[PDB]
Amino acid sequence: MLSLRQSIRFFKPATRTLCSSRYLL
Amino acid sequence: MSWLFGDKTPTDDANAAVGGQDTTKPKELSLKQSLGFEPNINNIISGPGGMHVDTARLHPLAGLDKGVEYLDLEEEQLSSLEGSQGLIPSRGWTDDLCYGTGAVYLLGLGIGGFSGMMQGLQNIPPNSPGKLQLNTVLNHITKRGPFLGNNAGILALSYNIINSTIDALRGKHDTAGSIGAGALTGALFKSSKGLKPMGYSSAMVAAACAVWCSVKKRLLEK
Amino acid sequence: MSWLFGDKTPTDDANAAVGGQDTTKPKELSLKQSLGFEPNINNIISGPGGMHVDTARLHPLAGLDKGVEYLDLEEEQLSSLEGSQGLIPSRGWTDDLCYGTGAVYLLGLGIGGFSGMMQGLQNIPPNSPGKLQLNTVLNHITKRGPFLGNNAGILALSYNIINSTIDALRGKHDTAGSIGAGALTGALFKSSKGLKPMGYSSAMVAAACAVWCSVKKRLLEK
């Protein structure tokens, strides 16, 4: 299967949070 | 020197001592108690009133708004790399589609068309150069039924070594290089009515160990 | 202005006066340079300076600071979300392992062992004791001619139908039901003109179309 990243920067996952948009930068 | 006769009353002294305070308790309500106001007569004007104001209203509340902007915006940035739809990603045998074209499936069909020509070569007339040497058959028919020779059987082996190159170009995990043994005796018993042909056929499955062992870099060992 | 008190005139009129007949200077702009009196030296102690103090200009704004954090945090969210443990036992050979076990590899070994006993049944002499010796004494048979050849031959066929069940529930495969044709004529030429095994051997590959076509078949899926 094609699923292998390369080099990771520490660990900091996060479940789905918020779900709206207003401004754009 | 005697002002106790009843002289005029100076006002300059009245300003020095002009403070008073009949109420001494800490509660200042005693001042309104002189009026005797009632709660009922006051409830009549209890319409509008009793309210407050928001302090955060004057302050801007768009701070977290900048975080929600990149929250889902960047979350999909990397998702686009893999693909949101994902149509036929692996299908069980399409992993080479990322590092190849996927001839294992299609090319597998062309093999059934040529793999049969090996034995069918006797069913149809061959096109070898030299029709004079066949004068024996053109003169008269003599024994022309089914007949399997060995000179044509060995060709089935030379066809597997030339097709392994087109497949080796991909390279895949060894899966089970340790199972190569459980499959050996499985073929030894397949034949037991005389000379076992598997003796030379072993060289065919043996070459497969190299293609599968390819799982490791050949430079790492040599 | 009272005459009895002799009020004095303040200097407010001299400042509010507009006319002026006391100045006796021939020039106030050209002579200003003769004494070296320029506005340059005065701009140092008379010109204003630069005063600017902002709290958002120096202090970091928690509002925009959140959009800068989710920039890399969100980009790494889906990135690391794809990797859970860091191992792929399926190896693209038994995707059902995630929702089953994946005996395709293991069972593949036990098959190579029994697949040989089929033809090696004659090489292995029966030495184990049987419990039907007393049952034969009642019939007493003396004509025991050899009749073993087609019983084990056709057995290799049913041995595949019983194995189609443990594999039928493997998972969801959609390889190629349209390729089943290119594989048919491939075995036709492999057979001979005399005894053609492709006639009964086809029923074996035909059954494979069901297990593979299983990719979609609610008509017989209750």
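Judging from the entry metadata, solution NMR is the method by which this structure was determined.

A. Here's a closer look at unusual backbone geometry. The phi dihedral of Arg91(B) is positive, around 60°, even though this residue is not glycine. With respect to the element layout, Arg91(B) can be found in the loop between α4 (63–82) and α5 (103–123). For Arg91(B), a relative accessible area of 30% corresponds to the partly exposed category. Phi is positive for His140(C), which is not a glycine, with a value near 55°. Its place among the elements puts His140(C) in the loop between α7 (133–139) and α8 (150–168).

B. Focus on the packing of α8(C) against helix α10 (residues 198–213) of chain C. All names here are of chain C. Interhelical geometry of α8 versus α10 gives an angle of 5° and a closest axis separation of 11 Å. It follows from the interaxial angle that α8 and α10 lie roughly parallel. Taking contact as the criterion, the partners of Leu-157, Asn-160, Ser-164 and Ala-168 in α8 are, on α10, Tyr-200, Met-204 and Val-211. Taken together, the residues of the contact of α8 with α10 break down into five nonpolar, two polar and no charged.

C. Structural detail: the packing of aromatic side chains. Here the structure, examined in full by the defined rule, presents four aromatic pairs over all chains. Here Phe114(C) and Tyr159(C) contribute two aromatic rings whose centre-to-centre distance is 4.5 Å and whose plane-to-plane angle is 35°, an arrangement assigned as tilted. Taken as a pair, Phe114(C) in helix α6 (residues 103–120) and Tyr159(C) in helix α8 lie far apart in primary sequence, 45 residues in all. Among the residues examined, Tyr159(C) registers a relative accessible area of 23% and is labelled partly exposed. Clustering of aromatic rings is evident, with ring pairs tying together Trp93(B), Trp212(B), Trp93(C) and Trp212(C). Lying across the ring of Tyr23(A), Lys66(B) places its NZ or CZ 6.0 Å from the centre.

D. Highlighting the interface of chain C and chain B. Each partner contributes residues to the interface: chain C has 36 residues there, and chain B has 35 residues. Surface buried jointly by chain C and chain B totals about 3300 Å² across both partners, of which 63% is contributed by carbon and sulfur atoms. Joining chain C to chain B, the criterion identifies one salt bridge. At the boundary of chain C and chain B, one finds eleven residue pairs in polar contact. Of all the secondary-structure elements, those providing two or more residues to the side of chain C that touches chain B are α5 (62–82), α6 and α9 (182–190) of chain C. With twelve residues, the top contributor of residues to the side of chain C that touches chain B is α5(C). Considered class by class, the residues forming the side of chain C that touches chain B number eleven nonpolar, 16 polar and nine charged.

Calculation rules
Sequence order as written determines residue numbers, which begin from 1 on each chain and need not coincide with the entry numbering; residues that lack coordinates are not included. Numbering of ligands from 1 and lettering of chains from A proceed in the order in which they are written. Only hydrogens and water are set aside when side-chain values are computed; all heavy atoms of the structure are taken into account. Where helices and strands are cited, they refer to DSSP runs of H or I of at least four residues and of E of at least two residues respectively, numbered from the N terminus. For each residue, the accessible area found with a 1.4 Å probe, counting protein chains only, is set against the maximum for its type, and the residue is called buried under 20%, exposed over 50%, and partly exposed in between. Working convention: axes come from line fits to C-alpha atoms, limited for helices to the stretch in contact. Angles between N-to-C directions cover 0 to 180 degrees. Here roughly perpendicular refers to angles of 65 to 115 degrees, roughly parallel to angles under 35, roughly antiparallel to angles over 145, and oblique to all remaining angles. Any two residues whose heavy atoms approach within 4.5 Å at even a single point are treated as in contact. Under the scheme applied, nonpolar residues are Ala, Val, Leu, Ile, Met, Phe, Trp, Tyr, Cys and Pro; charged residues are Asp, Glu, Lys and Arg; polar residues are all the others, including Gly. Centres within 6.5 Å make a pair out of two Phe, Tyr or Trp rings, where for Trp the six-membered ring is used; the pair is then stacked when the planes are under 30 degrees apart, edge-to-face when over 60, and tilted otherwise. Here, a charge over a ring is recorded when the distance from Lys NZ or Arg CZ to the ring centre is within 6 Å and its angle to the ring normal is within 35 degrees. By definition, the buried area sums, over both parts, the 1.4 Å-probe accessible area that each loses when the two are put together. The salt bridge definition used is simple: a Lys or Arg side-chain nitrogen within 4 Å of an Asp or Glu carboxyl oxygen. Polar contact criterion, stated in full: a pair of N or O atoms within 3.5 Å, where within protein one must be able to donate a hydrogen and the other to accept it, and residues adjacent in sequence count only if both atoms are side-chain atoms.

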